[PDB]
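Presented below, as structure tokens, is a lone chain in the form deposited in one PDB entry.
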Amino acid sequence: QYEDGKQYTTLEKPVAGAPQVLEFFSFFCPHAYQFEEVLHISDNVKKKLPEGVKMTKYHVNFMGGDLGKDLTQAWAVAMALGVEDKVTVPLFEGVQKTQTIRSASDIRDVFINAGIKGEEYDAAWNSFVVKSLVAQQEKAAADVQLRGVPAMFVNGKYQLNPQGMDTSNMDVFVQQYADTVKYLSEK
């Protein structure tokens, strides 16, 4: 069964005060099929978790310059507003599929087209809460010495290792991934 080095690995230096389950992603990478695939795995991780054990998703800027900084801030906004599930897909499609997101107002347009009020978006963008969420996202990624996405960490201590899981079958892989997160969350 378990063992460090197979289904997960142990951080040599644990992050104190990290979310209990922390997933990192980027709107730029991976691309369509592989991004949708991570989303489905994440969903099943979420469903199959203990009692009040919360899943947190942070945005990371690999190679995105100003637009990626702005997406990390807009992700802080989506977390402040509680609208993560209304914006994920339009932001991902806008960045990658239609390529209609190239500047900060295009991101804002996505929120307005998802039913968030313009003035609420602006008030959030400028808030101390959003400033702090931006800093939190950046600091977590440097604390885990983040090398690439997707990635998932539990209790600031264990990194999921999908390469030490069976990929021959998709549901076997997905349920082993979700079960490993659950097992780790109790460890």
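Shifts are known only where both forms have a C-alpha. C-alpha atoms forming the largest set that superposes within 1.5 Å between two forms make up the rigid core. Note that residue numbering follows the sequence shown and begins at 1.
The stretch with the higher mean CA B factor, choosing between 123-131 and 53-61, is 53-61. Averaged over CA atoms, B-factors in the entry run higher in 155-163 than in the other of 155-163 and 62-70. Residue 170: CA B factor lies in the highest third for its chain, per the PDB record. Looking at the C-alpha B-factors along this chain, the one for residue 22 belongs to the lowest third. Per the PDB record, residue ranking by Cα B-factor puts residue 29 in the lowest third of the chain.
Beyond the structure shown, there is the form deposited in another entry, which is absent from this document and is the topic of what follows.
Among the candidates 34, 145, 126, 132, displacement between this form and the one not shown reaches 2 angstroms at the C-alpha for one position only, 34 (superposition on the rigid core). Note on residue 33 and residue 92: their C-alpha atoms are nearer in the other entry, a change of at least 3 Å from this conformation.
Note: the CA-CA distance for residue 39 and residue 59 expands in the other entry relative to this form, by 3 angstroms or more. The rigid-core fit between this form and the one not shown yields exactly one 3+ residue run with every Cα displaced by 2 Å or more: 31-39.
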